[PDB]
């Protein structure tokens, strides 16, 4: 189990860094696609927050929890809505991201996108 923990930590750091090939290699070697750090942040959380589209899609293909909530109440869709990542939000939705999930301030991805001027993203979210 100790080796699986190492893989997980590298995966979190690779998803954070946007290192696509590294993430694939770690997926092939068996990394927990839902590895968590002490804040309950997943590699999907990090890829969505940091704009790594390709990585987002790999994690979801591999079975990432699309509605994972970190220790703080943030879901990947909350984090992607923060920066207006149309491409990332689209695949999160394709994979069943929950448009009604609330963050620690009670706000949904639609609320987050309106609060940041991502109004293109808001027209999309508004119909759901």
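Numbering follows the first chain given and starts at 1.
Of the two segments, 29 to 37 and 44 to 52, the one listed with the higher mean B-factor is 29 to 37 (C-alpha atoms only). In this PDB entry, the Cα temperature factor of residue 99 sits in the middle third of its chain's modelled residues. In this PDB entry, residue 59 carries a Cα temperature factor that places it within the lowest third of its chain's modelled residues.
Residue 116 sits in the lowest third of its chain by CA B factor, as recorded in the PDB entry. Among the modelled residues of the chain, residue 79 sits in the lowest third by CA temperature factor in this PDB entry. The PDB entry assigns residue 86 a C-alpha temperature factor belonging to the middle third of its chain's modelled residues.
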